[PDB]
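Q: Sending over a structure as structure tokens; questions will come in a sec.
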Amino acid sequence: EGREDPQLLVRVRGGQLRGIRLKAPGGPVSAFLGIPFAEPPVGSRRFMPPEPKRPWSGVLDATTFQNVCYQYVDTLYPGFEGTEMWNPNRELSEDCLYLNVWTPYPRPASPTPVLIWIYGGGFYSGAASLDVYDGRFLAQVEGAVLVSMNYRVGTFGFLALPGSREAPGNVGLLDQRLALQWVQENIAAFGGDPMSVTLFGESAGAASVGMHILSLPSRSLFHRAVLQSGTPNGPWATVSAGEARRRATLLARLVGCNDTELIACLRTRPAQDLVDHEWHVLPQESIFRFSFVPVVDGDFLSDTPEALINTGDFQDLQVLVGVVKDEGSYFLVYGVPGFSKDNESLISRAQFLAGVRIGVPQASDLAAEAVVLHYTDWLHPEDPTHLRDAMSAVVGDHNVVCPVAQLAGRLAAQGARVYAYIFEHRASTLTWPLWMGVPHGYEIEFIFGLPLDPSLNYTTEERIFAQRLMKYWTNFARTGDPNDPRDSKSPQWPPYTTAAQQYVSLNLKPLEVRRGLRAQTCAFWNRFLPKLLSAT
Ligand SMILES: *[C@@H]1O[C@H](CO)[C@@H](O)[C@H](O)[C@H]1NC(C)=O
């Protein structure tokens, strides 16, 4: 050093880092990108828990994003921004265990509350370097210290021969925990306060967050939690040990393969062979179901998430949870016949019955009959527009809205302070059709404050809206309460309780308080539907 910027030189446990000064709309921020937190989980390390990164010599250049974890790349609509924005934006590699830090410039003298982003992508995709996860706005405008990590997805992160030593499962979750541990030890070097660490994530990221809540060794590494459109409970976020064992041996057979010998052989396969076959192991034709996800291993997860939330002590827990207006629409174009981004996707009653079997792939004939009965509008049972919207609701309710209601209910009843929302604003810049409404993941760009960038063509109301949400999120991170104590009655956001079931709408209009999160419909999914499949 000598002629470099004094604010960009930081030491952490493993060594020295040089960051980059980035431009945010209202001023500069500090960014430390591609900091390694684990030994590269390659070769013999594939499928194994991450080993902490051994110290390096010299000043590590931390000015660009690092590799994206090896994964399937979406190809449904080549060139289309609505799909591309989620696609990897750096080289794919198994050497991908890096994290990123954004802080104010110059970095704060007093310790700042830390926000840790965990991305979604169904546990088969995702990356902390996507444009919608850009922490520079939260860091600049709200003065937050923001951290995001890469964690292994797909087989690399989740293939499991439960019980075995060499592929124990949930190692993608262990990548996340390692980064949480890195934050406890090192974030103070950046002005972050390790005693104020808020986790937030969306979809599989939300479910990830939910699992750190449920896994005791993670609990001491954070203080509050936001779960956007995702939960550890529910039908897609976990598989049983038996089912993970089944999928893992099938996948092994498909690429050419005693647990030790199986895994040893899997380790000799190129990463791309594994990705090519990962979608061939699902039990049924389905949507919103993924091959390699967290397993109920009796270790990281001591029991099913359903069980752990029913019987858990959440006294000292503040939690913000919510959903978007149309949780189910996104995946309809991915495997329900009749649906497409290129038309209105008006469907027949026949396509609707078939859709229900794909969207509730684990339902018996009788349970699917129940779903169809509940969601049919018997005044117009053949109306194509209703049926299209009902198909979307079935998928969204079953996968997100009802797991979230279930989760919010159990947490509130068991000590937790819960705040709940529904996000209803459709980005003026959205490229998916109008019929898809506000699909899942399209609140994110607002929370991270992308509309503050003039070159992005968000409306002025959207720029103001984004700031409202950044305030809610960071107030929550700071205090456990999304409301601003200064600005009183504008109006208030009440906690969600089992008595009143209050939640707020998030849109361009001021906060509106509503009651019951699909209460009737969620009774169907959460109370009745299990008892039906518990007697078929
Ligand atoms: C933003 O604004 C200009 C004018 O409409 C347009 O040419 C450009 O493509 C827009 N960028 C985005 C993000 O679509």
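Letters for chains follow the order of the structure tokens (A, B, ...), residue numbers begin at 1 for each chain, and ligand numbers begin at 1 in the order shown.
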What are the closest atom pairs, with distances in Å to one decimal, for each residue of chain A lying within 6 Å of ligand 1, using only C-alpha atoms and all ligand atoms, rows by chain and rising residue number, as a Markdown table?
A:
```
| residue | atom | partner | partner_atom_place_in_ligand_line | distance |
| --- | --- | --- | --- | --- |
| A:455 | CA | ligand 1 | 1 (C) | 5.9 |
| A:456 | CA | ligand 1 | 13 (C) | 4.5 |
| A:457 | CA | ligand 1 | 1 (C) | 4.8 |
```
Q: Just give me the gap between CA of residue 442 (chain A) and CA of residue 362 (chain A) in Å, one decimal is fine.
A: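 So the two atoms, CA of residue 442 (chain A) and CA of residue 362 (chain A), lie 27.8 Å apart.
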Q: With only C-alpha atoms as the basis for distance, which of A:83, A:125, A:229, A:310 is at the shortest distance from residue 415 (chain A)?
A: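 Counting only C-alpha atoms, the residue closest to residue 415 (chain A) is A:310.
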Q: Applying 12 Å and only C-alpha atoms, which residues near residue 339 (chain A) remain after dropping the ones on its own chain fewer than 6 positions away? List them as a list in words.
A: residues 329, 330, 331, 332, 333, 345, 346, 347, 348, 351, 352, 355, 384, 385, 387, 388, 389, 391, 392, 433, 435 and 436 of chain A
Q: Extract the full set of strand (DSSP E) residues from region 252-349 of chain A according to DSSP on the backbone, and format it as a PyMOL selection string.
A: chain A and resi 318-324
Q: Selected residues, N, CA, C and O atoms, written as a PDB file, in the first residue's frame, please.
A:
```pdb
ATOM      1  N   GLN A 318     -37.764 -12.101  16.652  1.00  0.00           N
ATOM      2  CA  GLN A 318     -38.515 -11.196  15.802  1.00  0.00           C
ATOM      3  C   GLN A 318     -38.400 -11.627  14.342  1.00  0.00           C
ATOM      4  O   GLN A 318     -37.315 -11.934  13.844  1.00  0.00           O
ATOM      5  N   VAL A 319     -39.534 -11.641  13.663  1.00  0.00           N
ATOM      6  CA  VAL A 319     -39.611 -12.249  12.354  1.00  0.00           C
ATOM      7  C   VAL A 319     -40.532 -11.424  11.483  1.00  0.00           C
ATOM      8  O   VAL A 319     -41.616 -11.036  11.901  1.00  0.00           O
ATOM      9  N   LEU A 320     -40.080 -11.132  10.275  1.00  0.00           N
ATOM     10  CA  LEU A 320     -40.921 -10.484   9.285  1.00  0.00           C
ATOM     11  C   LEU A 320     -41.129 -11.470   8.134  1.00  0.00           C
ATOM     12  O   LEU A 320     -40.160 -11.973   7.576  1.00  0.00           O
ATOM     13  N   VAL A 321     -42.381 -11.766   7.797  1.00  0.00           N
ATOM     14  CA  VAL A 321     -42.692 -12.719   6.723  1.00  0.00           C
ATOM     15  C   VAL A 321     -43.735 -12.157   5.784  1.00  0.00           C
ATOM     16  O   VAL A 321     -44.550 -11.331   6.174  1.00  0.00           O
ATOM     17  N   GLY A 322     -43.739 -12.624   4.544  1.00  0.00           N
ATOM     18  CA  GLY A 322     -44.764 -12.200   3.612  1.00  0.00           C
ATOM     19  C   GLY A 322     -44.743 -12.905   2.273  1.00  0.00           C
ATOM     20  O   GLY A 322     -43.926 -13.790   2.020  1.00  0.00           O
ATOM     21  N   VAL A 323     -45.660 -12.498   1.406  1.00  0.00           N
ATOM     22  CA  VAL A 323     -45.818 -13.106   0.103  1.00  0.00           C
ATOM     23  C   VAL A 323     -46.105 -12.018  -0.922  1.00  0.00           C
ATOM     24  O   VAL A 323     -46.418 -10.880  -0.560  1.00  0.00           O
ATOM     25  N   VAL A 324     -45.990 -12.368  -2.197  1.00  0.00           N
ATOM     26  CA  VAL A 324     -46.394 -11.475  -3.273  1.00  0.00           C
ATOM     27  C   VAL A 324     -47.801 -11.851  -3.722  1.00  0.00           C
ATOM     28  O   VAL A 324     -48.278 -12.957  -3.441  1.00  0.00           O
TER      29      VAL A 324
END
```
Q: In region 431-496 of chain A, what's helix (DSSP H, G or I) per DSSP? Answer as an MDAnalysis selection string?
A: chainID A and resid 434:436 444:447 450:452 454:456 460:479
Q: Could you list, as a ChimeraX atom specification, every residue within 8 Å of region 231-245 of chain A, counting only C-alpha atoms and ignoring same-chain residues fewer than 3 positions away?
A: /A:159-162,203-204,206-211,227,248-249,288-290,292-297,304-306,398-400,403-404,407
Q: Can I get the selection written as a CSV table (one decimal), in the first residue's frame, with N, CA, C and O atoms?
A:
```csv
chain,number,residue,atom,x,y,z
A,159,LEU,N,-27.2,-33.3,-2.6
A,159,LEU,CA,-27.2,-34.7,-2.8
A,159,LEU,C,-26.8,-35.4,-1.5
A,159,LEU,O,-25.8,-35.0,-0.9
A,160,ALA,N,-27.5,-36.4,-1.1
A,160,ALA,CA,-27.3,-37.0,0.2
A,160,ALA,C,-27.5,-38.5,0.2
A,160,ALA,O,-28.5,-39.0,-0.2
A,161,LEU,N,-26.5,-39.2,0.8
A,161,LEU,CA,-26.8,-40.5,1.2
A,161,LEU,C,-26.8,-40.4,2.7
A,161,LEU,O,-25.7,-40.6,3.4
A,162,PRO,N,-28.0,-40.1,3.3
A,162,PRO,CA,-28.1,-39.9,4.7
A,162,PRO,C,-27.5,-41.0,5.6
A,162,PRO,O,-27.7,-42.1,5.3
A,203,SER,N,-37.8,-17.0,-1.2
A,203,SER,CA,-38.1,-18.3,-1.8
A,203,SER,C,-37.2,-19.5,-1.1
A,203,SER,O,-37.4,-19.7,0.1
A,204,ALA,N,-36.3,-20.1,-1.8
A,204,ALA,CA,-35.4,-21.1,-1.2
A,204,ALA,C,-34.5,-20.4,-0.2
A,204,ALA,O,-34.0,-21.0,0.8
A,206,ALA,N,-35.7,-17.9,1.6
A,206,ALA,CA,-36.5,-17.7,2.8
A,206,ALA,C,-36.6,-19.0,3.6
A,206,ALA,O,-36.5,-19.0,4.8
A,207,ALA,N,-36.7,-20.1,2.9
A,207,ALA,CA,-36.7,-21.4,3.5
A,207,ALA,C,-35.4,-21.7,4.2
A,207,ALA,O,-35.3,-22.3,5.2
A,208,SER,N,-34.3,-21.3,3.6
A,208,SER,CA,-33.0,-21.4,4.2
A,208,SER,C,-33.0,-20.6,5.5
A,208,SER,O,-32.6,-21.2,6.6
A,209,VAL,N,-33.4,-19.4,5.5
A,209,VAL,CA,-33.5,-18.6,6.7
A,209,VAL,C,-34.3,-19.3,7.8
A,209,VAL,O,-33.8,-19.4,8.9
A,210,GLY,N,-35.4,-19.9,7.4
A,210,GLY,CA,-36.3,-20.6,8.3
A,210,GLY,C,-35.6,-21.8,8.9
A,210,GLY,O,-35.9,-22.2,10.0
A,211,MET,N,-34.7,-22.4,8.1
A,211,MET,CA,-34.0,-23.6,8.7
A,211,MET,C,-32.9,-23.2,9.7
A,211,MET,O,-32.5,-24.0,10.6
A,227,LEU,N,-38.4,-13.6,6.1
A,227,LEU,CA,-38.6,-14.7,5.1
A,227,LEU,C,-39.6,-14.2,4.1
A,227,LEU,O,-40.8,-14.0,4.3
A,248,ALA,N,-30.6,-39.9,-4.8
A,248,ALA,CA,-29.2,-39.8,-4.9
A,248,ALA,C,-28.7,-41.1,-5.6
A,248,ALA,O,-27.8,-41.0,-6.5
A,249,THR,N,-29.3,-42.2,-5.3
A,249,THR,CA,-28.8,-43.5,-6.0
A,249,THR,C,-29.3,-43.5,-7.4
A,249,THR,O,-28.6,-44.0,-8.3
A,288,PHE,N,-42.8,-26.5,-9.1
A,288,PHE,CA,-42.5,-26.1,-7.8
A,288,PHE,C,-42.0,-27.3,-6.9
A,288,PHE,O,-42.4,-27.5,-5.8
A,289,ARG,N,-41.2,-28.1,-7.5
A,289,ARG,CA,-40.6,-29.3,-6.8
A,289,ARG,C,-39.2,-29.4,-7.4
A,289,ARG,O,-39.0,-29.3,-8.6
A,290,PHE,N,-38.2,-29.6,-6.6
A,290,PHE,CA,-36.8,-29.6,-7.0
A,290,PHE,C,-36.1,-30.9,-6.5
A,290,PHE,O,-36.4,-31.4,-5.4
A,292,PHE,N,-32.9,-31.7,-5.4
A,292,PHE,CA,-32.0,-31.8,-4.4
A,292,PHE,C,-32.1,-30.6,-3.4
A,292,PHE,O,-31.7,-29.5,-3.8
A,293,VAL,N,-32.7,-30.9,-2.3
A,293,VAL,CA,-33.1,-29.9,-1.3
A,293,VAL,C,-32.7,-30.3,0.1
A,293,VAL,O,-32.1,-31.4,0.2
A,294,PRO,N,-32.8,-29.4,1.1
A,294,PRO,CA,-32.5,-29.9,2.4
A,294,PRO,C,-33.1,-31.2,2.8
A,294,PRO,O,-34.3,-31.3,2.6
A,295,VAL,N,-32.4,-32.1,3.4
A,295,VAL,CA,-32.9,-33.3,3.9
A,295,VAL,C,-33.1,-33.3,5.5
A,295,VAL,O,-32.3,-32.7,6.2
A,296,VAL,N,-34.2,-33.9,5.9
A,296,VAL,CA,-34.4,-34.1,7.3
A,296,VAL,C,-33.5,-35.2,7.8
A,296,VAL,O,-33.8,-36.4,7.7
A,297,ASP,N,-32.3,-34.8,8.3
A,297,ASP,CA,-31.2,-35.7,8.6
A,297,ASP,C,-31.1,-36.2,10.0
A,297,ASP,O,-30.3,-37.0,10.3
A,304,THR,N,-38.8,-33.0,11.2
A,304,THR,CA,-39.4,-32.3,10.1
A,304,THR,C,-39.6,-30.8,10.5
A,304,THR,O,-39.9,-30.6,11.7
A,305,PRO,N,-39.5,-29.9,9.5
A,305,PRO,CA,-39.8,-28.5,9.9
A,305,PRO,C,-41.2,-28.3,10.5
A,305,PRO,O,-41.4,-27.5,11.4
A,306,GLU,N,-42.2,-29.1,10.0
A,306,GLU,CA,-43.5,-29.1,10.5
A,306,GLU,C,-43.5,-29.3,12.0
A,306,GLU,O,-44.1,-28.6,12.8
A,398,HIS,N,-50.6,-23.6,-2.2
A,398,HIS,CA,-50.0,-24.8,-1.8
A,398,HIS,C,-48.6,-24.7,-1.4
A,398,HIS,O,-48.1,-25.4,-0.5
A,399,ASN,N,-47.8,-23.9,-2.1
A,399,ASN,CA,-46.4,-23.8,-2.0
A,399,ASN,C,-45.9,-22.7,-1.1
A,399,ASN,O,-44.8,-22.9,-0.5
A,400,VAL,N,-46.6,-21.6,-1.1
A,400,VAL,CA,-46.1,-20.4,-0.4
A,400,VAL,C,-47.1,-19.8,0.6
A,400,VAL,O,-46.8,-19.8,1.8
A,403,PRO,N,-48.1,-22.3,3.5
A,403,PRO,CA,-47.0,-22.6,4.4
A,403,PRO,C,-46.6,-21.3,5.2
A,403,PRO,O,-46.2,-21.5,6.4
A,404,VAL,N,-46.6,-20.1,4.6
A,404,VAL,CA,-46.3,-18.9,5.3
A,404,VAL,C,-47.4,-18.6,6.4
A,404,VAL,O,-47.0,-18.3,7.5
A,407,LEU,N,-46.7,-21.0,9.1
A,407,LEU,CA,-45.4,-20.6,9.8
A,407,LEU,C,-45.7,-19.4,10.7
A,407,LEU,O,-45.2,-19.4,11.9
```
Q: Pick out the residues sitting within 10 Å of residue 258 (chain A), and hand them over as a PDB file with N, CA, C and O atoms, in the first residue's frame; count only C-alpha atoms, and ignore anything fewer than 4 positions along from it in its own chain.
A:
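Generated file (selection-v7.pdb):
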```pdb
ATOM      1  N   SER A 164     -24.277 -41.598   5.742  1.00  0.00           N
ATOM      2  CA  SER A 164     -22.907 -41.743   5.261  1.00  0.00           C
ATOM      3  C   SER A 164     -22.005 -40.607   5.722  1.00  0.00           C
ATOM      4  O   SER A 164     -22.470 -39.533   6.123  1.00  0.00           O
ATOM      5  N   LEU A 262     -20.123 -45.477  -4.099  1.00  0.00           N
ATOM      6  CA  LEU A 262     -21.048 -44.678  -4.883  1.00  0.00           C
ATOM      7  C   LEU A 262     -20.561 -43.234  -4.983  1.00  0.00           C
ATOM      8  O   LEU A 262     -20.440 -42.671  -6.077  1.00  0.00           O
ATOM      9  N   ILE A 263     -20.273 -42.643  -3.827  1.00  0.00           N
ATOM     10  CA  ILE A 263     -19.866 -41.253  -3.777  1.00  0.00           C
ATOM     11  C   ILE A 263     -18.504 -41.060  -4.428  1.00  0.00           C
ATOM     12  O   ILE A 263     -18.287 -40.087  -5.157  1.00  0.00           O
TER      13      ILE A 263
END
```
Q: Grab the CA of residue 57 (chain A) to CA of residue 30 (chain A) distance for me, in Å with one decimal place.
A: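 Calculated distance between CA of residue 57 (chain A) and CA of residue 30 (chain A) is 22.4 Å.
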Q: List as a list in words the protein and nucleic acid residues near residue 152 (chain A), meaning an atom at most 7 Å away when only C-alpha atoms are counted, but skip any in the same chain fewer than 6 places from it.
A: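 Non-adjacent residues within range: residues 69, 172 and 175 of chain A.
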Q: Any chance you could export the current selection's N, CA and C atoms as a CSV table (one decimal), in the first residue's frame?
A:
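That gives us selection-v9.csv:
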```
chain,number,residue,atom,x,y,z
A,69,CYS,N,-21.8,-20.8,-8.2
A,69,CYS,CA,-21.9,-22.2,-7.9
A,69,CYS,C,-22.4,-23.0,-9.1
A,172,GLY,N,-25.0,-27.4,1.5
A,172,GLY,CA,-25.3,-26.1,1.0
A,172,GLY,C,-25.7,-25.2,2.2
A,175,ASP,N,-22.7,-24.3,4.1
A,175,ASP,CA,-22.0,-23.2,3.4
A,175,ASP,C,-22.5,-21.9,4.0
```
Q: Pick the closest to residue 422 (chain A) from A:447, A:284, A:370, A:228: which is it, counting only C-alpha atoms?
A: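 When distances to residue 422 (chain A) are compared using only C-alpha atoms, the smallest one comes from A:228.
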